[PDB]
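Have a look at protein-v4.txt below; it lists compact mmCIF, C-alpha atoms and all ligand atoms.
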```
# COMPACT_ATOMS: atom_id res chain seq x y z
CA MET A 1 206.61 163.01 143.93
CA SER A 2 202.87 162.40 142.97
CA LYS A 3 200.92 165.21 141.05
CA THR A 4 198.82 167.47 143.40
CA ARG A 5 195.09 167.70 142.67
CA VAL A 6 193.01 170.31 144.46
CA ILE A 7 189.20 170.56 144.29
CA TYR A 8 187.57 174.01 144.41
CA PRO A 9 183.90 173.38 145.29
CA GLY A 10 181.17 176.01 145.03
CA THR A 11 177.72 176.82 143.56
CA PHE A 12 179.45 179.36 141.20
CA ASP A 13 176.04 181.00 140.69
CA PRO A 14 177.44 182.78 138.86
CA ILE A 15 181.23 182.76 138.78
CA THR A 16 182.68 186.20 139.74
CA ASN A 17 186.03 187.95 139.25
CA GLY A 18 186.87 186.84 142.81
CA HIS A 19 186.49 183.15 141.97
CA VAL A 20 188.57 183.71 138.79
CA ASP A 21 191.39 185.25 140.90
CA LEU A 22 191.30 182.36 143.36
CA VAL A 23 191.39 179.65 140.66
CA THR A 24 194.26 181.42 138.81
CA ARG A 25 196.27 181.67 142.13
CA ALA A 26 195.57 177.98 142.87
CA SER A 27 196.53 176.84 139.33
CA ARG A 28 200.08 178.25 140.01
CA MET A 29 200.55 176.13 143.14
CA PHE A 30 198.99 172.71 142.37
CA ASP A 31 199.45 170.38 139.32
CA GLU A 32 195.62 170.06 138.79
CA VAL A 33 192.69 172.28 139.83
CA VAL A 34 189.07 170.95 139.64
CA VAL A 35 186.35 173.65 139.61
CA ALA A 36 183.68 171.50 141.30
CA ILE A 37 180.17 172.97 140.74
CA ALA A 38 177.68 171.76 143.31
CA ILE A 39 174.49 170.96 141.35
CA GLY A 40 172.12 172.03 144.16
CA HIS A 41 169.02 169.78 144.00
CA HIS A 42 167.39 170.70 147.37
CA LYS A 43 168.79 174.32 146.92
CA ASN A 44 167.71 176.65 144.08
CA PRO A 45 170.54 178.00 141.85
CA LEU A 46 169.58 180.92 139.55
CA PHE A 47 171.78 179.45 136.72
CA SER A 48 171.56 175.78 135.67
CA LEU A 49 174.58 173.44 135.99
CA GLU A 50 175.17 173.78 132.22
CA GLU A 51 175.09 177.59 132.30
CA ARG A 52 177.44 177.64 135.38
CA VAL A 53 179.94 175.23 133.82
CA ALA A 54 179.95 177.23 130.56
CA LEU A 55 180.49 180.54 132.36
CA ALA A 56 183.34 178.97 134.35
CA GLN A 57 185.04 177.40 131.22
CA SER A 58 184.66 180.70 129.35
CA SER A 59 186.53 182.56 132.19
CA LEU A 60 189.14 179.88 133.14
CA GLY A 61 189.49 177.43 130.15
CA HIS A 62 192.70 179.28 129.00
CA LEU A 63 194.34 177.67 132.12
CA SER A 64 195.46 174.25 130.86
CA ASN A 65 195.62 172.61 134.35
CA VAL A 66 191.91 173.45 135.26
CA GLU A 67 188.97 170.95 134.90
CA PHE A 68 185.26 171.73 135.35
CA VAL A 69 182.91 169.13 136.85
CA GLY A 70 179.40 169.16 138.37
CA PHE A 71 178.88 167.15 141.59
CA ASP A 72 176.36 166.33 144.27
CA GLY A 73 176.36 164.30 147.46
CA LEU A 74 178.94 164.45 150.24
CA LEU A 75 182.05 166.57 149.45
CA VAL A 76 184.15 163.83 151.16
CA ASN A 77 182.88 161.14 148.71
CA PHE A 78 183.71 163.44 145.77
CA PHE A 79 187.12 164.15 147.40
CA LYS A 80 187.85 160.35 147.51
CA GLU A 81 186.44 159.69 143.98
CA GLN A 82 188.65 162.52 142.64
CA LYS A 83 191.76 161.33 144.56
CA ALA A 84 192.24 164.97 145.69
CA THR A 85 195.24 166.24 147.69
CA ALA A 86 193.01 168.97 149.19
CA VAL A 87 189.91 171.10 148.97
CA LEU A 88 190.51 174.80 148.38
CA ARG A 89 188.21 177.53 149.82
CA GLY A 90 188.39 181.34 149.71
CA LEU A 91 187.87 183.15 153.08
CA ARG A 92 186.17 186.56 152.64
CA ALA A 93 184.72 187.39 156.08
CA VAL A 94 184.91 186.08 159.72
CA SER A 95 181.66 183.96 159.40
CA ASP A 96 183.25 182.25 156.33
CA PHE A 97 186.26 181.50 158.58
CA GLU A 98 184.20 179.96 161.48
CA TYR A 99 181.98 177.88 159.14
CA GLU A 100 185.00 176.64 157.12
CA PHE A 101 186.92 175.74 160.31
CA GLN A 102 183.92 173.59 161.47
CA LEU A 103 183.49 171.90 158.01
CA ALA A 104 187.18 171.07 157.70
CA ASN A 105 187.14 169.31 161.12
CA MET A 106 183.85 167.50 160.38
CA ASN A 107 185.21 166.32 156.97
CA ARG A 108 188.53 165.19 158.61
CA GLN A 109 186.41 163.08 160.98
CA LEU A 110 184.50 161.50 158.04
CA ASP A 111 187.79 160.93 156.07
CA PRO A 112 191.16 161.21 157.87
CA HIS A 113 192.88 161.89 154.46
CA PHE A 114 190.69 165.01 153.90
CA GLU A 115 192.59 168.34 153.76
CA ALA A 116 191.38 171.93 153.29
CA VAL A 117 193.61 174.89 152.29
CA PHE A 118 192.40 178.45 152.27
CA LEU A 119 193.21 181.56 150.22
CA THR A 120 192.20 185.15 151.17
CA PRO A 121 190.98 187.39 148.32
CA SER A 122 193.00 190.40 146.96
CA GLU A 123 191.35 193.48 148.44
CA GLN A 124 189.88 194.51 145.00
CA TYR A 125 187.63 191.30 145.10
CA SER A 126 187.14 191.13 148.88
CA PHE A 127 183.59 192.80 148.72
CA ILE A 128 182.32 190.53 145.83
CA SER A 129 180.02 187.49 146.32
CA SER A 130 177.69 185.58 143.90
CA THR A 131 174.67 186.51 146.17
CA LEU A 132 175.31 190.26 146.05
CA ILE A 133 175.92 190.14 142.25
CA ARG A 134 172.55 188.30 141.72
CA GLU A 135 170.89 191.04 143.74
CA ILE A 136 172.42 193.96 141.80
CA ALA A 137 171.61 192.23 138.44
CA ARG A 138 168.03 191.44 139.58
CA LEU A 139 167.51 195.17 140.39
CA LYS A 140 169.03 196.13 136.96
CA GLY A 141 172.40 197.33 138.35
CA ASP A 142 175.55 197.04 136.24
CA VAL A 143 177.69 194.05 137.40
CA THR A 144 180.36 194.49 134.68
CA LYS A 145 183.05 195.52 137.19
CA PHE A 146 182.54 192.33 139.37
CA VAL A 147 182.17 189.48 136.84
CA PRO A 148 183.44 188.36 133.45
CA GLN A 149 181.68 189.80 130.37
CA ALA A 150 180.18 186.36 129.60
CA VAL A 151 178.30 186.53 132.99
CA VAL A 152 177.07 190.06 132.18
CA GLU A 153 175.57 188.68 128.91
CA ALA A 154 174.09 185.65 130.74
CA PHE A 155 172.19 188.05 133.06
CA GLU A 156 170.71 189.85 129.92
CA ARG A 157 169.69 186.42 128.43
CA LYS A 158 168.23 185.38 131.85
CA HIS A 159 166.29 188.79 131.69
CA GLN A 160 165.25 188.39 127.94
CA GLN A 161 164.11 184.75 128.53
CA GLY A 162 161.95 186.05 131.52
CA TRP A 163 163.09 188.35 134.49
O1 LIG A 201 180.85 179.58 144.32
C1 LIG A 201 180.34 180.23 145.21
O2 LIG A 201 179.67 181.54 145.27
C2 LIG A 201 179.70 181.96 146.65
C3 LIG A 201 180.34 183.36 146.96
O3 LIG A 201 180.97 183.51 148.24
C4 LIG A 201 181.44 183.76 146.08
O4 LIG A 201 182.01 184.94 146.65
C5 LIG A 201 180.45 180.82 147.26
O5 LIG A 201 181.06 180.87 148.44
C6 LIG A 201 180.43 179.78 146.47
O6 LIG A 201 180.49 178.52 146.71
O1 LIG A 202 185.76 191.58 128.69
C1 LIG A 202 186.08 191.10 129.78
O2 LIG A 202 185.98 191.74 131.07
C2 LIG A 202 185.60 190.65 131.89
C3 LIG A 202 185.97 190.86 133.38
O3 LIG A 202 187.20 190.18 133.42
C4 LIG A 202 186.01 192.31 133.94
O4 LIG A 202 185.03 192.51 134.96
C5 LIG A 202 186.18 189.45 131.17
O5 LIG A 202 186.30 188.17 131.42
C6 LIG A 202 186.56 189.78 130.03
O6 LIG A 202 187.28 188.99 129.27
NA NA A 203 191.46 187.41 145.37
```
Final structure tokens representation of the file:
Amino acid sequence: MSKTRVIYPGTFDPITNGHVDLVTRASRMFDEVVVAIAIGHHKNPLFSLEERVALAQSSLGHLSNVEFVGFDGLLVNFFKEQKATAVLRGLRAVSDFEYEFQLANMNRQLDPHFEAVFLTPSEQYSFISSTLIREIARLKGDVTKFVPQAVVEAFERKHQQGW
């Protein structure tokens, strides 16, 4: 009775094992999942859009109902362009929860069709974020346990080509 299409928006800078778990859980519950990678013009991602899309496709491309798209502008305009049923967000901590509550209500005011659904991480990924991973990698820590092997290699090639 109409295919469901959920957008999963994020910087994915880089994708972690926690994002992989979330997308895999979502792909079991909706007909289509869009991994929506916010380009970040007036922000400053460590990995380019192309690197972030490739790392995501390497980790999640084996899931046949998952698409990978870069976007910018208002999430609600992307939501309407994509004809989404909902946006999906992971909730890791309390400040995540308060911020996401506020955004969902603001977006519902911009577009009354907007919907947001939330997943909580399995406890083995609950302490992982892209920001903390970037920090351990930058200080030459081993991030192998928190991210796909392709991301581990991308941090070496970020190093080698600079860093
Ligand atoms: O894709 C993202 O990286 C961070 C981080 O929380 C992941 O744990 C986040 O929320 C994104 O949008
Ligand atoms: O070799 C691998 O390990 C990573 C990660 O899943 C473990 O942190 C990954 O994607 C592989 O395929
Ligand atoms: Na999880």
> Looking at A:90, A:141, A:18, A:9, which one is nearest to residue 68 (chain A), with distances taken over all atoms listed in the file?
Replying inline: A:9
> Do you know which residues are within 6 Å of ligand LIG 201 (chain A) using all atoms listed in the file? Can you write them as a ChimeraX atom specification?
Replying inline: /A:10-13,128-130
> Which residues form the shell of 7 Å around ligand LIG 202 (chain A) when you count all atoms listed in the file, given as a PyMOL selection string?
Replying inline: chain A and resi 17+59+144-150
> From the list A:140, A:80, A:108, A:28, which residue is nearest residue 63 (chain A) when using all atoms listed in the file?
Replying inline: A:28
> Which chains and residue numbers are within 6 Å of ligand NA 203 (chain A), counting only C-alpha atoms and all ligand atoms, if I want them as a VMD selection string?
Replying inline: chain A and resid 18 21 to 22 121 to 122 125
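Residue nearest residue 26 (chain A), chosen from A:92, A:62, A:157, A:5 and counting only C-alpha atoms: A:5.
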